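This report concerns only the one structure given below.
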Amino acid sequence: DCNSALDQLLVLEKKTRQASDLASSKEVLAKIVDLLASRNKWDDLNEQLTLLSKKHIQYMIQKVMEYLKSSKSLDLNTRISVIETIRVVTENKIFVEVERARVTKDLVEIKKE
């Protein structure tokens, strides 16, 4: 059911008003990430994120992109996905603060070595 039950939860992500939208951001952005973890559904999640990232809450996204190797089933999948995460986060130049750089260590050296 949860695979179908995810949609009506992701809908209200369409906008941000009160702190109930950042609590909805917490819970929904954790479950979406969570759905990815159980059956390697995160591929959608990288893609899901790009769609969601196309919708643009930077530090709201910092934690959700943190999950890369926190709980990653396959190393190969991570390479190109992370390549897409840095790939998308290049532009504004505000990032690389901590988290992007520390996933560039991991991504660059671990991905290929």
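Labels for the structure tokens follow display order: chains A, B, ..., residues from 1 in each chain, ligands from 1.
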
Proximity of segment 19-86 of chain A to segment 92-105 of chain A: per-residue shortest pair, 12 Å limit, only C-alpha atoms, as a Markdown table:
| residue | atom | partner | partner_atom | distance |
| --- | --- | --- | --- | --- |
| A:58 | CA | A:95 | CA | 9.0 |
| A:59 | CA | A:95 | CA | 10.2 |
| A:61 | CA | A:99 | CA | 10.8 |
| A:62 | CA | A:99 | CA | 7.2 |
| A:63 | CA | A:99 | CA | 9.0 |
| A:64 | CA | A:99 | CA | 11.2 |
| A:65 | CA | A:99 | CA | 8.9 |
| A:66 | CA | A:99 | CA | 7.5 |
| A:67 | CA | A:103 | CA | 10.6 |
| A:68 | CA | A:103 | CA | 8.6 |
| A:69 | CA | A:103 | CA | 9.0 |
| A:70 | CA | A:103 | CA | 11.2 |
| A:78 | CA | A:103 | CA | 10.7 |
| A:79 | CA | A:104 | CA | 10.4 |
| A:81 | CA | A:103 | CA | 11.7 |
| A:82 | CA | A:103 | CA | 8.1 |
| A:83 | CA | A:104 | CA | 9.2 |
| A:84 | CA | A:100 | CA | 11.9 |
| A:85 | CA | A:100 | CA | 8.7 |
| A:86 | CA | A:100 | CA | 7.0 |

Item to check | DSSP-assigned helix (DSSP H, G or I) among chain A, expressed as a PyMOL selection string | outcome: chain A and resi 2-5+7-14+19-39+42-54+58-70+75-89+99-111

Output for the residues just chosen: C-alpha atoms as a JSON list (two decimals), in the first residue's frame:
[["chain", "number", "residue", "atom", "x", "y", "z"],
["A", 2, "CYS", "CA", 2.80, 2.37, 0.95],
["A", 3, "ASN", "CA", 4.02, 2.41, -2.65],
["A", 4, "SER", "CA", 0.59, 3.74, -3.61],
["A", 5, "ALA", "CA", 0.16, 5.57, -0.28],
["A", 7, "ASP", "CA", 1.56, 9.88, -3.68],
["A", 8, "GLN", "CA", -1.14, 11.66, -1.66],
["A", 9, "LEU", "CA", 1.57, 12.50, 0.86],
["A", 10, "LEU", "CA", 3.94, 13.89, -1.77],
["A", 11, "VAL", "CA", 1.17, 16.07, -3.22],
["A", 12, "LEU", "CA", 1.13, 18.70, -0.46],
["A", 13, "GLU", "CA", 4.87, 19.18, -1.11],
["A", 14, "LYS", "CA", 3.60, 21.46, -3.91],
["A", 19, "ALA", "CA", 5.93, 25.32, 9.89],
["A", 20, "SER", "CA", 3.50, 22.45, 9.27],
["A", 21, "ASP", "CA", 4.97, 22.47, 5.76],
["A", 22, "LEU", "CA", 8.48, 22.03, 7.21],
["A", 23, "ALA", "CA", 7.12, 19.29, 9.48],
["A", 24, "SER", "CA", 5.50, 17.81, 6.40],
["A", 25, "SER", "CA", 8.94, 18.29, 4.85],
["A", 26, "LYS", "CA", 10.52, 16.35, 7.70],
["A", 27, "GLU", "CA", 8.08, 13.43, 7.72],
["A", 28, "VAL", "CA", 7.41, 13.18, 3.98],
["A", 29, "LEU", "CA", 11.05, 13.67, 2.99],
["A", 30, "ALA", "CA", 12.02, 10.96, 5.50],
["A", 31, "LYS", "CA", 9.44, 8.45, 4.27],
["A", 32, "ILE", "CA", 10.24, 9.06, 0.61],
["A", 33, "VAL", "CA", 13.88, 8.41, 1.41],
["A", 34, "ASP", "CA", 12.77, 5.48, 3.55],
["A", 35, "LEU", "CA", 10.79, 3.88, 0.74],
["A", 36, "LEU", "CA", 14.01, 3.96, -1.23],
["A", 37, "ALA", "CA", 15.93, 2.05, 1.45],
["A", 38, "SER", "CA", 13.71, -1.04, 1.76],
["A", 39, "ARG", "CA", 13.85, -2.23, -1.86],
["A", 42, "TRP", "CA", 16.03, 5.21, -3.97],
["A", 43, "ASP", "CA", 16.81, 5.27, -7.69],
["A", 44, "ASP", "CA", 13.44, 6.96, -7.99],
["A", 45, "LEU", "CA", 14.54, 8.99, -5.00],
["A", 46, "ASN", "CA", 17.63, 10.30, -6.76],
["A", 47, "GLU", "CA", 15.32, 10.94, -9.71],
["A", 48, "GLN", "CA", 12.48, 11.80, -7.39],
["A", 49, "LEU", "CA", 14.82, 14.35, -5.82],
["A", 50, "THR", "CA", 15.79, 15.82, -9.16],
["A", 51, "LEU", "CA", 12.09, 16.30, -9.88],
["A", 52, "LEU", "CA", 11.71, 17.68, -6.37],
["A", 53, "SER", "CA", 14.93, 19.56, -6.86],
["A", 54, "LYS", "CA", 13.53, 20.82, -10.15],
["A", 58, "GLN", "CA", 18.64, 23.99, 1.03],
["A", 59, "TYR", "CA", 19.32, 22.74, 4.57],
["A", 60, "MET", "CA", 16.07, 20.80, 4.39],
["A", 61, "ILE", "CA", 17.69, 18.99, 1.46],
["A", 62, "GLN", "CA", 21.10, 18.62, 3.14],
["A", 63, "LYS", "CA", 19.92, 15.87, 5.48],
["A", 64, "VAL", "CA", 17.92, 14.07, 2.81],
["A", 65, "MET", "CA", 20.92, 13.93, 0.49],
["A", 66, "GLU", "CA", 23.06, 12.85, 3.47],
["A", 67, "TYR", "CA", 21.50, 9.40, 3.31],
["A", 68, "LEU", "CA", 23.66, 8.39, 0.33],
["A", 69, "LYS", "CA", 26.07, 6.07, 2.13],
["A", 70, "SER", "CA", 24.31, 6.27, 5.47],
["A", 75, "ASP", "CA", 28.19, 1.34, -4.57],
["A", 76, "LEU", "CA", 27.76, 1.42, -8.36],
["A", 77, "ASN", "CA", 24.33, 3.02, -8.08],
["A", 78, "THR", "CA", 25.78, 5.68, -5.80],
["A", 79, "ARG", "CA", 28.42, 6.81, -8.28],
["A", 80, "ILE", "CA", 26.11, 8.12, -10.98],
["A", 81, "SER", "CA", 23.45, 9.26, -8.50],
["A", 82, "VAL", "CA", 25.90, 11.37, -6.51],
["A", 83, "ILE", "CA", 27.36, 12.59, -9.81],
["A", 84, "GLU", "CA", 23.86, 13.89, -10.42],
["A", 85, "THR", "CA", 23.61, 15.45, -6.96],
["A", 86, "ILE", "CA", 26.83, 17.44, -7.28],
["A", 87, "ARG", "CA", 25.93, 17.89, -10.96],
["A", 88, "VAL", "CA", 22.78, 19.70, -9.91],
["A", 89, "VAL", "CA", 24.28, 21.56, -6.94],
["A", 99, "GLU", "CA", 28.31, 18.17, 3.10],
["A", 100, "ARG", "CA", 28.90, 18.35, -0.66],
["A", 101, "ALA", "CA", 32.67, 18.39, -0.23],
["A", 102, "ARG", "CA", 32.62, 15.48, 2.22],
["A", 103, "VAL", "CA", 30.58, 13.50, -0.28],
["A", 104, "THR", "CA", 33.13, 14.46, -2.93],
["A", 105, "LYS", "CA", 35.86, 12.77, -0.92],
["A", 106, "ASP", "CA", 33.74, 9.64, -0.64],
["A", 107, "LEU", "CA", 32.32, 9.88, -4.15],
["A", 108, "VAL", "CA", 35.57, 10.56, -5.99],
["A", 109, "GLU", "CA", 37.94, 8.18, -4.21],
["A", 110, "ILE", "CA", 35.51, 5.39, -3.29],
["A", 111, "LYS", "CA", 33.62, 5.38, -6.59]]

Next on the checklist: Ranking A:55, A:91, A:40, A:15 by minimum distance to residue 73 of chain A and counting only C-alpha atoms, which one comes first?
Outcome noted: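 Under the stated criterion, the closest residue is A:40.
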